[PDB]
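Residue numbers (the authors' numbering), protein chains in the order written: chain A, 15 to 291, 315 to 368; chain B, 15 to 291, 315 to 368; chain C, 15 to 291, 315 to 368; chain D, 15 to 291, 315 to 368.
There are 4 protein chains.
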Amino acid sequence: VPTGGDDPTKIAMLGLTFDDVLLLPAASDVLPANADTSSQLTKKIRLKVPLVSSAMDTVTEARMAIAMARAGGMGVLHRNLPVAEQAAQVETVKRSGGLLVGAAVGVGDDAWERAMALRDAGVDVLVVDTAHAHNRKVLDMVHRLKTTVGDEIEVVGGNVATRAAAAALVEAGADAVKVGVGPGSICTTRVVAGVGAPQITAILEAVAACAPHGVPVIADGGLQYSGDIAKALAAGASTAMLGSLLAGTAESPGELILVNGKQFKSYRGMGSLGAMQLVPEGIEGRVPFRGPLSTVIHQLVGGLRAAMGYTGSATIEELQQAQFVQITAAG
Amino acid sequence: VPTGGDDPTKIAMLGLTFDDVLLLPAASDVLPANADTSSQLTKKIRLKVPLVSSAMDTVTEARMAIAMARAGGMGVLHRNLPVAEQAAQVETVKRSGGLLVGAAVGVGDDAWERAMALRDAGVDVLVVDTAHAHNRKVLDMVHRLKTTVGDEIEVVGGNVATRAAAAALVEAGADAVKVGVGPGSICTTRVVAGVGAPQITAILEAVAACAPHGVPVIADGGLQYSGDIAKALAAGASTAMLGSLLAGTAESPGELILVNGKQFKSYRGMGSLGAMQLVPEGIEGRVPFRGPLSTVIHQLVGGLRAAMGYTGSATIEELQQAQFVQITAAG
Amino acid sequence: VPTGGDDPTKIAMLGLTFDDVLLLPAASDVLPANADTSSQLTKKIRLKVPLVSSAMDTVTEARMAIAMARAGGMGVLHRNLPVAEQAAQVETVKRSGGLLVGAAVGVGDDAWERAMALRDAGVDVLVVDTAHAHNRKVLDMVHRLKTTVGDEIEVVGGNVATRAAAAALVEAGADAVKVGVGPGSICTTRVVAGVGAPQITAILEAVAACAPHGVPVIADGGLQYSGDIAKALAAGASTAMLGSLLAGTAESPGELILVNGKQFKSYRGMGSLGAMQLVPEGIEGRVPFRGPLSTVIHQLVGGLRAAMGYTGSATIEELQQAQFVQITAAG
Amino acid sequence: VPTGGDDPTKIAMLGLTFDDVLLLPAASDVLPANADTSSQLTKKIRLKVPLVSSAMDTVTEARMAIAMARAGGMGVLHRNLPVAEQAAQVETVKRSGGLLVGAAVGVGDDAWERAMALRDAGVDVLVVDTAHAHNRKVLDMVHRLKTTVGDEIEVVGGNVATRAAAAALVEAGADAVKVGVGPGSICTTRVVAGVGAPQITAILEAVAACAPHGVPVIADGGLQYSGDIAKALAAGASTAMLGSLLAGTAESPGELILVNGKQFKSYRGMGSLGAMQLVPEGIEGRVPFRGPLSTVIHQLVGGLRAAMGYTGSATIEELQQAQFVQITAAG
Ligand SMILES: O=C(Cc1ccc(F)cc1)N1CCN(S(=O)(=O)c2cccc3cnccc23)CC1
Ligand SMILES: O=C(Cc1ccc(F)cc1)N1CCN(S(=O)(=O)c2cccc3cnccc23)CC1
Ligand SMILES: O=C(Cc1ccc(F)cc1)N1CCN(S(=O)(=O)c2cccc3cnccc23)CC1
Ligand SMILES: O=C(Cc1ccc(F)cc1)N1CCN(S(=O)(=O)c2cccc3cnccc23)CC1
Ligand SMILES: O=c1[nH]cnc2c1ncn2[C@@H]1O[C@H](COP(=O)(O)O)[C@@H](O)[C@H]1O
Ligand SMILES: O=c1[nH]cnc2c1ncn2[C@@H]1O[C@H](COP(=O)(O)O)[C@@H](O)[C@H]1O
Ligand SMILES: O=c1[nH]cnc2c1ncn2[C@@H]1O[C@H](COP(=O)(O)O)[C@@H](O)[C@H]1O
Ligand SMILES: O=c1[nH]cnc2c1ncn2[C@@H]1O[C@H](COP(=O)(O)O)[C@@H](O)[C@H]1O
């Protein structure tokens, strides 16, 4: 074995991230303005725009959820607050029309009660929200939710970064599988634990387990540009979950901050000290202020549409079949 | 598959750019001063210097076209202006002697009328000027131009980045194929759409489709140094189209700009907000002022001549057979 | 041979360092708080935490050794001081309870006498401390120590970076093998001699020789983050030896230094001019002040525990079987 | 072909430079102080230290040549001056004892007369000094010199970067082959012409042609650290030629320069505008002042000795058999 030892499986794969690849143009009859951007969030739920906002307390509360749903995507309400308050935010969203909304739950002692209160509040999607879903406790929560409230509510499980973990969530009954262990912009899991999986490879692997069962994959974390959204979908994901790209918007929680004459908003990991209040796996940072959500989404979907034009993809289903070229450091 | 999934074709190639390769020296009887730098722009047109200026409104109007032709290359007049004005610029060039000149046309509703007005004005080369030529509308424009005015005018089609797209333009009747999707210095297609193809690989692939039909390939975009010109031709291109390298010259449109005691000129993508006036695929930037075009071309051709010396290439046709070494990040 | 010449063995391997790999998550029933972090330092000695402090005069004297042992690891006392003083530091550590302690010896003329004085002082571990242990003089010292005092004292040999060198130390009778030629943060061997071996590959190779003989491998040098500790153990090492990561602590020798309003401590290679007082193979630098050792170790072990959680490793022995993904420059 | 096209030979090799590799430690009985650093400069001339100074007018005139020879290496006098003056510098060196000295000649009209005047002056080594020796004019000069004065004078030919070019110089009668097209610190051939060959691969290839004929290879250009000297010799070179590493010394031509409170000396390519006084293939730069040559050489040889210690190489001939590990960008 060229990299050392006598075990070829010790280093199991070469992991690619978004920056490692570009989409290849292909024969096209598709105009960007006419591409169909709709896609499955879950087995049963189709969104008009394949984007969801991260379940983070500097990204998604009721205001962001309402704006995301109106833009044709969805928000996932964070769970770093009391149950009654999270459920009240679900009600606030439903009050603003027939708007789709999701909400995160953990697998702790109070997670079941949280889930039931969200259900009562009329939530459409429950996201079992962990750093590592390949675990009996997480798989049991997914299964029990699906068997109990699964007729009225779609259940998302995550996060995973391997084929076997995605397969386990599929077996548990997940309606969608969320992919991303370590790629987040505010993530320090890669330096603190030395654990992760570059996101293009993680998506390709999870899709290999999920697509043959008709389970959509949500690409979560590491998306820096609108082009990354196109790459993630081309890798086989059905939607993308955004934190950093949406934390700078007016609709996100938190105040404008002014440093050196420029405007910013705070953006922090749910595993940062500030969020948990210990061995943190996230930092507390800042992102440039970007203005209204509607305008950010327009530009993000605009980029996706351009990609669909270049690749001849009339639908997201066709984009999931596009090809990549791998690029070097120079590129 | 080591990079993920079960499909070996998902990541179809490893794409190299100019910085990924160097030309290998070979046995040489060629002195730089005596190398023959002439090359086919199209099937019928041979230039004394294998260089053309980009169809951009911060690079080529009549002044640049005249200077390029006198230097032994050619200018392609941009189309970001009314038809009558573009045609008037063609006439201005023809007024300055028997000078070759090209002009860009789109595939929009007014493109045909633009093309006919350019023809009337005495243009030598029409460039069907798009970001993605692998499209029925573009191929039809190429074909119809070639069948209508193809006896008196050479028709260039572009841009492409794959073998199949180059093949389609050849079948459509292109007299030359222009290569470059995403590599331009002012291009943001790679970050906005996540689409592109590193330029050495794009040239190698397009040449594989074009050379066996005797159709010359124009390498368009991403050339940063005179050495890149030699690499592009060695990859099989017959000419190179330059934007950034010529936007700093006296002959380009626009004014000198002074910032921090240094001189610059504005250089902007035709897909930038400022050019289109939306989801832009180019930026508005600046390049150092470089002085007279004649002098820039001298240095660029000087570098090419040196390369022909090192590789023993007496002609561009011989340079197209030179070999590369791939280098690493360290190199 | 693609990289040149006709000898495939000239470039014998592709060497990976910590930054080249990530740990892959796997099926897990392990909570970080419940993972067992104990591991063999030597054939006979098991530590509660798999960490030892470097034998450097800006890292480990009696104070650091006491604190390391109390934290469940061990200190190795440097040998850049007279024999009587090093032995007095061993006695100082033993005075503070039944605390494990190690001490470095060279292979010079006075090394044997140093070793015997340390033995008299009650040292638990002798570390034959060289830059290159694949040498008859070093192997003889290891063997003679093991045959003379080997019943009461464990003998560590190092450093090595190849399978054959590790094999030689095993044959000589080493109770543990220390791995690292060139990777230290303060090391200039790679630029001065052009010699080294990236540390993940060096560990994989040394482990291939040491594990089948039940000899533990100590990963020494190049660890920058707590995540690197997890990677090193996953590569097959049984413990990690830390210099830079512990030189910033209160317990390390030396004074606080203030530059530009920030606090630092001096950290220098034992091959630096200042340490030797010539062709130095280390620099004299500074590291940020990090506070109490206890707190640094808590965070380092915290990261390791997280990794054990992600990988489903209940023990270090299980972590040594985890898998990697190789990442690119982009990742 | 993964990188494009249908020709596997288009991209003929993967070129490695010094930074791409490290020397692997091996079994050693060699102490650095006792290693034998002598090596063949040419078939007949053995130096005590395997180092020669570049034929550049900011590196080697009589003072540097005298100092190099006294240090056990050799200087090659530049040829950017009238014949009588170069010959007078040869005489000045011979006046300072039985000191070896070389001198550069071109292949121009006056090169033969230059060569004869150097011969009369008592030069030991003539270096046919070009950027590309794979050329009939250069090979003829080498041959004619060798047949005319070859009994009393050793003839070096260069530069080359390929096996075939090295083979041609061997056939022409070269007593040594100098390797390096494009790697020099002050070189812009790689950006101006797009031509070059990373130096480890160039050495491996040239050695494959030269060693079986007993012709020593001189590694010329790109050496930045003393460790690079060890790498070059391990790749199979018999000596290294240094420009930048010696241009900062007291013995080099030119004055001390003070900028921002630090001392520098000018260092310029022989293909720079200033040297030629056009399309330059070198820049005019500055290097830190390093003090006396004797001290620089001590440190450089010190590093080489350390490498010989780590690799168990008692002689340079043994070092030429050492092995490498290839490293990544991270390493
Ligand atoms: O409970 C723990 C500790 C733990 C848990 C299990 C395990 F297997 C190992 C360690 N954490 C730490 C990680 N987070 S997080 O906030 O940083 C996080 C949240 C959403 C997605 C993420 C994806 N990748 C990385 C982190 C992610 C959640 C809480
Ligand atoms: O019409 C569109 C949108 C579009 C069109 C089709 C398609 F398949 C996807 C998206 N554009 C956007 C791209 N440009 S451009 O000005 O930026 C451009 C111009 C010359 C060459 C280029 C090469 N690569 C990249 C851009 C290039 C042209 C207009
Ligand atoms: O005696 C020598 C010279 C020498 C010795 C043998 C040999 F094979 C070649 C050269 N040295 C120089 C290297 N050191 S060190 O202080 O820099 C050092 C100390 C702990 C571990 C290290 C790992 N890698 C690198 C250096 C290391 C020890 C003394
Ligand atoms: O005559 C020419 C032009 C030329 C000559 C032939 C050829 F095949 C192509 C171009 N030159 C330009 C290159 N130099 S140099 O001073 O820059 C130079 C000098 C020593 C070694 C070098 C190694 N690599 C690169 C440059 C080198 C010499 C003069
Ligand atoms: O503290 C943290 N550490 C690691 N990952 C986090 C943390 N907080 C949130 N995440 C994940 O990072 C995603 C957002 O990543 P981003 O869009 O690149 O900023 C979120 O959807 C989570 O999956
Ligand atoms: O706005 C843009 N986005 C992407 N490519 C552009 C744009 N405008 C011009 N181009 C292309 O970039 C080429 C010039 O690239 P450059 O020489 O690297 O600056 C032009 O010839 C076009 O093919
Ligand atoms: O001067 C030196 N040169 C090279 N390696 C050294 C030197 N001094 C100590 N070391 C080694 O570097 C290790 C610490 O590396 P670090 O933890 O990355 O700082 C030590 O345990 C030694 O093995
Ligand atoms: O102007 C130049 N352009 C390219 N190579 C040069 C030039 N001048 C000298 N050289 C070569 O560069 C070598 C020195 O390289 P350095 O030691 O890396 O600075 C010299 O021995 C020459 O072979």
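Ideal Cβ positions, reconstructed from N, Cα and C, are used throughout, including at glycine.
From the DSSP output, read off the bridge partner residues of residue i.
i                 : result
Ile232 of chain A : A:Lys192, A:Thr253
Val142 of chain D : D:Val119, D:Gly171
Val316 of chain B : DSSP, once it has assigned bridges, lists no residue as partnering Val316 of chain B.
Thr352 of chain A : Paired residue(s): none; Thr352 of chain A is not in a bridge.
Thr72 of chain A  : Its beta-bridge partners do not exist; DSSP assigns none.
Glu321 of chain A : A:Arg282
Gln54 of chain B  : B:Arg60
Using the beta-carbon count (16 or more within 10 Å), is residue i buried or exposed?
i                 : result
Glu75 of chain D  : buried
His92 of chain C  : buried
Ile271 of chain D : exposed
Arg128 of chain D : buried
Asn274 of chain B : exposed
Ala251 of chain D : buried
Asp43 of chain C  : exposed
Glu168 of chain A : buried
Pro226 of chain A : exposed
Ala101 of chain B : buried
In the DSSP assignment, find the alpha helix (DSSP H) that holds residue i and state where it starts and stops.
i                 : result
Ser240 of chain C : 240-248
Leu330 of chain D : 330-348
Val184 of chain B : 177-186
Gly288 of chain D : 287-290
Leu132 of chain C : 125-135
What residue range is occupied by the uninterrupted beta strand (DSSP E) comprising residue i?
i                      : result
residue 370 of chain B : The first residue shown for chain B is 15 and the last is 368, placing residue 370 of chain B beyond what the model contains.
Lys276 of chain A      : 276-282
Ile25 of chain B       : 25-29
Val66 of chain A       : 65-67
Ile214 of chain B      : Unbroken run through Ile214 of chain B is the alpha helix (DSSP H), 213-224; no beta strand (DSSP E).
Proximal residues, the segment 141-159 of chain A versus chain C, C-beta separation under 7 Å: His146, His148, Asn149, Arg150
Chain C contacts from the segment 189-212 of chain D (Cβ-Cβ distance under 7 Å): none
Near-chain B residues of the segment 353-365 of chain A (beta-carbon distance less than 7 Å), N- to C-terminal order: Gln360, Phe361, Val362, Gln363, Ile364, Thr365
Members of the segment 268-285 of chain B that neighbour chain D once the beta carbon cut-off is set at 7 Å: none
Proximal residues, the segment 22-35 of chain B versus chain D, C-beta separation under 8 Å: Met27, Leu28, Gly29, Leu30, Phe32, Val35
Contacting positions in the segment 45-62 of chain B - beta carbon closer than 9 Å to chain D: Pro46
Contact between the segment 103-119 of chain D and the segment 241-249 of chain D (3+ Cβ pairs under 8 Å): no
The segment 30-44 of chain D in contact with the segment 138-148 of chain C per 3-pair CB rule at 8 Å: yes
Validate contact between the segment 321-331 of chain A and the segment 46-54 of chain A using beta carbons, cut 8 Å, 3 pairs: no
The segment 186-202 of chain D touching the segment 279-289 of chain D, judged by at least three CB pairs closer than 8 Å: yes
Residues, ordered as in the chain, of the segment 161-185 of chain A that lie near chain C by beta-carbon distance below 8 Å: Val174, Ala175, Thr176, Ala178, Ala179, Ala182
Residues within the segment 241-269 of chain A neighbouring chain B, beta-carbon criterion of under 7 Å: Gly241, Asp242, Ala244, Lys245
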